[PDB]
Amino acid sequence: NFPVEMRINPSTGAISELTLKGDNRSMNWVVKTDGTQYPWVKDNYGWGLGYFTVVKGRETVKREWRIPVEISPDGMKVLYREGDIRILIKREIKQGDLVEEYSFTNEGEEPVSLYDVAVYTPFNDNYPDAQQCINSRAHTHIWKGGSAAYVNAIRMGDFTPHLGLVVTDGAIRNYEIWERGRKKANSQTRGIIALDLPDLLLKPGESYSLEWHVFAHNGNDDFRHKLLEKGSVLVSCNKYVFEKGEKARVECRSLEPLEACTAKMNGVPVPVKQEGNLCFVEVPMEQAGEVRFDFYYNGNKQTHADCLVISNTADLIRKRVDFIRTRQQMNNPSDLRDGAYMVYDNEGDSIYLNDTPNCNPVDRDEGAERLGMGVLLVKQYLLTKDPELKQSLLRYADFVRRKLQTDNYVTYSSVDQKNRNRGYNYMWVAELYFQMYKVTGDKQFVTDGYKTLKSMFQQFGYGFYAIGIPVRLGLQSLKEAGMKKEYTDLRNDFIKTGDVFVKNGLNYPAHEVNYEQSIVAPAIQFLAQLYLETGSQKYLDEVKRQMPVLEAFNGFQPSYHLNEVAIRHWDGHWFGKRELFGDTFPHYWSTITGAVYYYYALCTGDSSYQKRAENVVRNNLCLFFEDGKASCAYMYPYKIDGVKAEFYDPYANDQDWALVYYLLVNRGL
């Protein structure tokens, strides 16, 4: 089919190039580690190199293997010796698949403990431009599944072949990201991935072995089939976020029946039923919080699923809305931001006033993406009819109209109006106004929505790939308000935009990132809505062409953080208190894909997409806490450039859009 081919660095023993024979695009699946792709990415990051911290009593030393003590002529056997630790790599190409075996041996006289043991796997996951991304870069779907860990690397344009890595001996417990920073291509690269082994304790002469297979495949089904053929397992749950009292069904699928399969729920044994090559657990979810399901099988193997239990969804949203109103709205006549919904510091329990040094003030200001708090409160008002929300919203909408806009509908994100005039901001302001018509019956909101959109098209033209262009909402509001001339005019403006997107196809222009899910998803979000309003097949045919490209951003890992959640890896820097670049899983714009799936199901009648939409938005509920607080990003990897991650950023900033889209998907609002 597509045998793996490689070039081995003769000085380090790393895999410097990994290609698939018969790929007409000749993609390199790794980042170049000679400084020629990124100047700061040099040969210490080669695939198969790595590091560990060795501890013997009080003596702690970090070692990085880079220069072999022995390397075979063909580069298929490489031996390193770093202090007491021997690292042997044995490579073989077997039926077109690369099989690598890493053994770590304590050759010393005393036991050693190894911590933060990792192998660099510098998958070529970065965003130089749309054309190179589509043909020559990969969305790297990492699953830290222990003995059943894997990486599914999907070429960003969805063209086969794709690449898989399946662990077949030992385990991968997590991953780290290296080489992020403002001066290291900022948002435009995922950085350098390192796969973390378990922490180890090795007596003298004892070894730990890790083996994996790297192989070509033809897509998610073929990847899954091959993973099972290689003797690993696949875990899945009926859902990844549960309301208290719901029943979870967790399945572990293998090729052949598992031997001695047992399970645990948060470390507590639970019964497993085995039916041939399926092992499953069914349990009630009776307590709020994280739930980890572990499977133990075949003597020494283990893997897991990560689930979340919440009290219940309706109350979660109610509490969030009440928090926004009672804690995150500026209530201070004689502050010019009076009425604004604002960034909030959950550590300090105070509104963030943007009066202190940070990496990008404009992304912590009183407008722009913070409009989502108003849009959320409207949708919740439409459900609940809470008069306190209405009063809060009237004040907000006044703040927006009077302080963030000029009389001619030029739209800023701060009261000074000295900062950027940015196309994204107009869509969200317009959405707010059209929603406010639904709250108030006041036709002036529909006029303001329409005129905001006109001001946007006047200034930015027709081919801006804005997020949440309110096509259905705007046109419905114009139809309902009886504004016939404005309806047809706006409809014609949307048709122009639709024609630009169709003509561009996969040649997506660069925006704030060169290529990303919140360029692709909004294109399709717009086109699907334009189809639902016009019935012109040309827009639906473009949706269908682009869907596989959007779906490639999303993995199927059995975690609420990851399952159908788009790869995004920069918003912690621009929006968070901790200012950390690196994988954010979930980041709330992943819900745009949910919106797309919702619209696609309306367009085609394919209800499997509605279930998928529900899954996407459900998984973003982890950003909202039971006291009404929220987080702008979950920083997912173990560490990023040595800094501990695995945390919710302590700012509530822009994440309330996830609930805006939750309510779209689930209630059509």
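From 1 onward, residues are counted along the sequence shown.
With 635-643 and 23-31 compared on mean CA B-factor from the PDB entry, the stretch scoring higher is 23-31. Comparing 332-340 with 86-94, the higher mean C-alpha B-factor in the PDB entry belongs to 332-340.
Residue set 566, 163, 359, 317: peak C-alpha B-factor at 359 (per PDB entry). Each of 242, 581, 588, 462 has a CA temperature factor in the record; the biggest one is found at 462. Among the modelled residues of the chain, residue 303 sits in the lowest third by CA temperature factor in this PDB entry. Ranked against the other modelled residues of its chain, the C-alpha B-factor of residue 266 as given in the entry falls in the lowest third.
For residue 140, the recorded CA B-factor ranks within the lowest third of the chain. Only modelled residues enter the ranking. When all modelled residues of the chain are sorted by CA temperature factor, residue 219 is found within the middle third. In the deposited entry, the Cα temperature factor of residue 448 places it in the highest third of its chain's modelled residues.
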